[PDB]
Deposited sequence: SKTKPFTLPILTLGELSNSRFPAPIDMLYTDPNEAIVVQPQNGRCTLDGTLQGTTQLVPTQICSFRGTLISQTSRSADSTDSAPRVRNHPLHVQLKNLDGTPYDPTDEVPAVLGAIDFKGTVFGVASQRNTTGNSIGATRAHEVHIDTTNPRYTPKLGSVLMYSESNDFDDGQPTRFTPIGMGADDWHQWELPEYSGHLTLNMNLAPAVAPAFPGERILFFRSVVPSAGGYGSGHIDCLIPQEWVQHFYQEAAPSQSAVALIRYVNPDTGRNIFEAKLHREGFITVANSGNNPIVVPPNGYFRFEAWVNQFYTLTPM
């Protein structure tokens, strides 16, 4: 079964680490880096890793039951899976699938629709934020702590968190949270990735997301877009080597813009060619060319 990439253009793709369209391709203009995101992790032959799940509108969302305590009001959410199934902390995952995979304050909206009590069917929704550095950000153990200026939430009812953007200018998108809290190490992580040779850089799909105040840039970079995650998962094409050579092509003219290594683990490297911003034709997309190996030498893009 031949390996293929979606034929969606850049403006037609979704970030796999935040619910947002892709705004541009991006390489670090300073140096090469090492990164270990847990959303947006899929091997070329279709193996999901980390906390990666398939629904683009559920990335960095949470679902569960509000548990009352004992100006910002604390909201302890006892989690279930995003698809509604019970959350099992013994699963071999770093945290509930879809959990926020970086240190920062994410603002969003928490909503409820009552299923028990004297007001079944009554609803409410308000802005909240989740600080993933909080010691009670413990999505591996099955709970997260939100905060809201509103006290208008009902104890014991189904509660959903939908992320919107930066709730403070404090994002560190490549620093993993402590998914089990302060006294347990992360486990079952998708591996760290980095260029294997000097002169290469990871190529990211970058989104710029909203911010609720301050001057935060809102950058969230993913290794492959969510549509690629969905595509590889369904195709499950055998990988014929550790490295697929791909090219950004203009499908209307056949012109090759630049080449890149698509690693079997599910990320892209390019040859460094300076701090120049990346400009591609808006009708262009990546196309699989051939299976190669690590000794392939990329031409500067």
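According to the record, the deposited residues with no C-alpha atom in the structure span 1-3, 74-86.
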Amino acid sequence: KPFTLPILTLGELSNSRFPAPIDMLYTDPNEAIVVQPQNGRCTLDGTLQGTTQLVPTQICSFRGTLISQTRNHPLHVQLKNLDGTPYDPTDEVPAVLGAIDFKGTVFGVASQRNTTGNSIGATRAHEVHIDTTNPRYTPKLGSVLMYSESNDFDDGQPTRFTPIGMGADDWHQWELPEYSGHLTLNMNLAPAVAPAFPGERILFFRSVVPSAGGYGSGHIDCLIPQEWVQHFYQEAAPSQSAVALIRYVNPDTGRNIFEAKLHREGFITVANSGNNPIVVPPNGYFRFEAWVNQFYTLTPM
From here on, numbers count along this sequence of modelled residues.
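Stretches 19-27 and 284-292 differ in mean CA B factor, with 284-292 having the higher one. Between 177-185 and 220-228, it is 177-185 that carries the larger average Cα temperature factor according to the deposited entry. Of the candidates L54, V34, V249, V243, the one whose C-alpha carries the top B factor in the deposited record is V34. Ranked against the other modelled residues of its chain, the C-alpha B-factor of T162 as given in the entry falls in the lowest third. Split the chain's modelled residues into thirds by C-alpha temperature factor. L5 is in the middle one. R63: CA B factor lies in the lowest third for its chain, per the PDB record.
For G266, the recorded CA B-factor ranks within the lowest third of the chain. Only modelled residues enter the ranking. In the deposited entry, the Cα temperature factor of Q112 sits in the bottom third of values across the chain's modelled residues.
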